[PDB]
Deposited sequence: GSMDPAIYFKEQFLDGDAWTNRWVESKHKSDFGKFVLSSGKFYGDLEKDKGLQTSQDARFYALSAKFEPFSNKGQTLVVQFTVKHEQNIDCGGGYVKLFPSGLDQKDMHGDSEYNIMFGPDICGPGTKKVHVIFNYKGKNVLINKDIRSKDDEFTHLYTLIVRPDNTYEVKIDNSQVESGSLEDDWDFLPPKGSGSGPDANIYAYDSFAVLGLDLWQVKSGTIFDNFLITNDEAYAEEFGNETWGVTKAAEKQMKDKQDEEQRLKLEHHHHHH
C-alpha cells in the first residue's frame, strides 16, 4: 500500500474551495479559477487551477495531515500547463512544515522544499530544486531546463532516505544524483529528512497569466507516482495536442 499524503485532481466542481486557502498577507493577490482552458484532453479531467490575472502575485495553499519523510521516500508530483505562451511566471510548489499560517502565507514564509519550473524571459528556463538546510534555502547546483510550450507537462521530484534524488519531466528522468554532491550543504546522512510536511503552496509571480496546475500528488511510493502520472498526464497529452492542432 502506497501512503497517499495528498492528492488533488479537482474532479468535483467547486468543492476545491474547501480544500484550498487564499492568503490575505497582501490585499491584491491574483485569483485562481478552476478551468480546463481553451484546449484540453478531456473537459472534466483537465480542470485545474488557472492563474486568471496578469502581473500578479499568487498565494494559495492546501493542508494535509502532517508527516515526516524520515526513513522513507518522498515524492512530489504535479502537472503545469502554460497555455498562455508565458513570458515570465513561476510554475513551482513549496512544501511547508506544520507551523505555517495559511492565511498569512507569502514568498518569504519558511518552507522545507521548493520544486518546479520557473520561467522569466529566455535567460531563466529552470527547474528549481531547493532544500532548506541550516537556516538557508539551498538551490541545486545543476541546470535542469524547464518546458516552455503551451502543453501539459508532468513534474516529479523523488527524495530517498539514502540522500539520493531524482527529477522527472513527463515521467522520464532528466536529473539524478546525491544531495551531498549537487547542493552545497557541505557526512550528514539526515539532509533529506524533515520533521514535518503539512501544507503544499502555490507562491508565484506571473506577467502573462493563464497557467493551469493539476494532478497534485505527495506520496512515499515512486512506482505509484509513476503509475498515477501515466493515468493522469499520460492520458491528457495526446488528446490535448489533437484539440490544439484542430484549432488551426
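- When the deposited sequence is numbered from 1, the segments without any C-alpha atom are 1-3, 190-197, 260-273.
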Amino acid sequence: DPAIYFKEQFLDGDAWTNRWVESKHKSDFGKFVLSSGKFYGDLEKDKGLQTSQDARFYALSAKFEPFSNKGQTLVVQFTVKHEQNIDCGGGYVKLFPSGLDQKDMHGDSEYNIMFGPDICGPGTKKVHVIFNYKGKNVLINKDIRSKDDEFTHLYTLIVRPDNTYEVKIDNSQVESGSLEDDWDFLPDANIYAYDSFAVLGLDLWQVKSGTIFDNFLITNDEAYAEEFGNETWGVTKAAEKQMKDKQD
From here on, numbers count along this sequence of modelled residues.
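- Higher mean CA temperature factor, per the PDB entry, when comparing 117-125 with 74-82: 117-125.
- The PDB entry records a higher mean C-alpha B factor for 171-179 than for its counterpart among 88-96 and 171-179.
- Looking at the C-alpha B-factors along this chain, the one for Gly210 belongs to the lowest third.
- Split the chain's modelled residues into thirds by C-alpha temperature factor. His106 is in the highest one.
- Residue-level temperature factors show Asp28 in the highest third of its chain, judged at the C-alpha atom.
- Per the deposited record, the Cα B-factor of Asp203 falls in the lowest third when ranked against the other modelled residues of its chain.
- In this PDB entry, the Cα temperature factor of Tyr194 sits in the middle third of its chain's modelled residues.
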